[PDB]
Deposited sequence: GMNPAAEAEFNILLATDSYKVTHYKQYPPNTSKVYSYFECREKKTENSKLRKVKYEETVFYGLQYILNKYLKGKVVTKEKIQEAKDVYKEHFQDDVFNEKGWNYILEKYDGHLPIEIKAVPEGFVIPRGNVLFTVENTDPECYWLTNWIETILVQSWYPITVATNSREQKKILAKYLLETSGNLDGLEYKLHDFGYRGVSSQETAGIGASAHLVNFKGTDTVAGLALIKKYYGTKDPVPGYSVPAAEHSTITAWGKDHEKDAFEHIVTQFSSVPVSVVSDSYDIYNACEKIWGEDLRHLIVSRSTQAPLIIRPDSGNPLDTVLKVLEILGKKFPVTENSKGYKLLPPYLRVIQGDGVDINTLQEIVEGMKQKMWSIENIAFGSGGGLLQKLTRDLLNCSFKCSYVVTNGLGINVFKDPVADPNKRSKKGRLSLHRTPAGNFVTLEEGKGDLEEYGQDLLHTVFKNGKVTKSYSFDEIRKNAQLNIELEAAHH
């Protein structure tokens, strides 16, 4: 990796575009205008990409050579990057202040600021927009995962009367569904801010290296089947595959995808009759979790439950809602996003089914079907000093008030009703709102404040 090569092409040219005698560019990150967002992911970027000696003689010459051919001119700022190398031993003269990781912030507030600490490096603040704005993703996953926790919590509380197993109810299936190994880790780490159930292994090593937990790993799995391990027995032997699988994993929970041929037959005839004896004997600590994986998600869950309710002893819990015996659960792991997770719980509740009957697997919903669009994640200049005069800088497009940017030096404050407000135009220094809630997280190549994954989990908890 080379930070000189980790920006949008055009930013290479920007040091020739700013007003002359510009000593300071100051830029903020907000989720412009999902009423509240989990701030998480910055600390990864600060450590993996921004901290320490990031500039070397070789990194300057590589960039020089690529940009020379990429632009077909020598528009690269060699002098500016050689200054970083020789003044600061390659350490970025940037100061980043940020709200603490895990913080649940209303939309349209300052979550971090970037500014240069050396007037020579005025151009450096917005060089690192592109890299810093990839934060959108950890923030977005963490927010959409938490929104889903909220829906599950609402219907579990309504149909059971507690949150038991809440943080194991949305399993991450998204390892194949993402754009990369780097993306898998960050995405799966963002979901583990809210839940403890993941198949995306890469997330675990990231949290250990970048955040830390007191526990060995932040996330857990149980044994489960895929279509390869059922269908490999042959279209005539589904029962043999199931029987081998529940018996191999007799003492632990086990997911078995049951839609290889006929979900409704596998539930009713194979689990419900021929193998019923291997399921009703199993421990409360080791249920069979029947996985449908195809068809209308809501219709399939409701017919799966009706079949299972008629072949197994169903309890009515305190709330008047029906419950499988504790050895038997369901997980819908196909076509699940925040919208369909909500269609299912509401559909289950209208049929008087407890939500403790159902778990969710999401892959693409949770980790891939997200954009910087969704929460309008955005990095803009708000303040510059030219000729010694600080001036308040913003965009305010004619046709889009939604894209207006915030003016001048920003601080984040607690209101007397204990809500958040971003103060603009350096009005934070009028101490009308107490102290700035953002902290210095990065200064002059060093990480100056960091959070355990446990602290972030605590910060991110639901009301």
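Stretches with no C-alpha atoms in the model, relative to the deposited sequence starting at 1 = Comparing the full sequence with the modelled residues, the uncovered ranges come out as 1-9, 43-54, 485-492.
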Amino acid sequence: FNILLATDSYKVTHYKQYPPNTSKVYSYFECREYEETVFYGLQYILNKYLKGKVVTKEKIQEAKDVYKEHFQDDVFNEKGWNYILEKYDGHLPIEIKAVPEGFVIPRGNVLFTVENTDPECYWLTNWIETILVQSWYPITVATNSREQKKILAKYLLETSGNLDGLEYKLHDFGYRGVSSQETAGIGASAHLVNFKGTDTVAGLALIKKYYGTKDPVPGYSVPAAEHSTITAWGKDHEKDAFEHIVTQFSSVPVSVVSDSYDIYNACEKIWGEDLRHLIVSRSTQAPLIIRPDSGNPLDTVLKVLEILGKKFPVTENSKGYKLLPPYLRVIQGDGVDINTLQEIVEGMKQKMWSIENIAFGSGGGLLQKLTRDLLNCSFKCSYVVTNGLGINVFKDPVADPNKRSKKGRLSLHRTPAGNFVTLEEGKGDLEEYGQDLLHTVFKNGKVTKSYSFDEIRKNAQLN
From here on, numbers count along this sequence of modelled residues.
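Got a sec? Mean C-alpha B-factor, which is higher, 290-298 or 384-392?
-> Looking at the recorded C-alpha B-factors, 384-392 comes out higher on average.
So 268-276 or 75-83, which one's hotter by mean CA B-factor in the entry?
-> Comparing 268-276 with 75-83, the higher average CA B-factor belongs to 75-83.
Considering only 29, 44, 26, 34, which residue's Cα atom bears the greatest B-factor as recorded?
-> Highest C-alpha B-factor among the listed options: 44.
Looking at 172, 147, 236, 115, which has the highest Cα B-factor in the entry?
-> Comparing C-alpha B-factors across 172, 147, 236, 115, the maximum falls on 236.
How does residue 452 rank on Cα B-factor within its chain, lowest, middle or highest third?
-> Answer is middle: the recorded C-alpha B-factor places it there.
State the tercile, meaning the lowest, middle or highest third, of residue 157 with respect to the CA B-factors recorded for its chain.
-> Highest third - that is where residue 157 ends up once the chain's C-alpha B-factors are sorted.
B-factor third for the C-alpha atom of residue 186 within its chain | Tercile = lowest for this residue's CA B-factor.
Residue 443: which third of its chain by C-alpha temperature factor?
-> Ranked within chain, residue 443 CA B lands in the middle tercile.
Could you say whether, by C-alpha temperature factor, residue 259 belongs to the lowest, middle or highest third of its chain?
-> CA B-factor rank for residue 259: lowest third.
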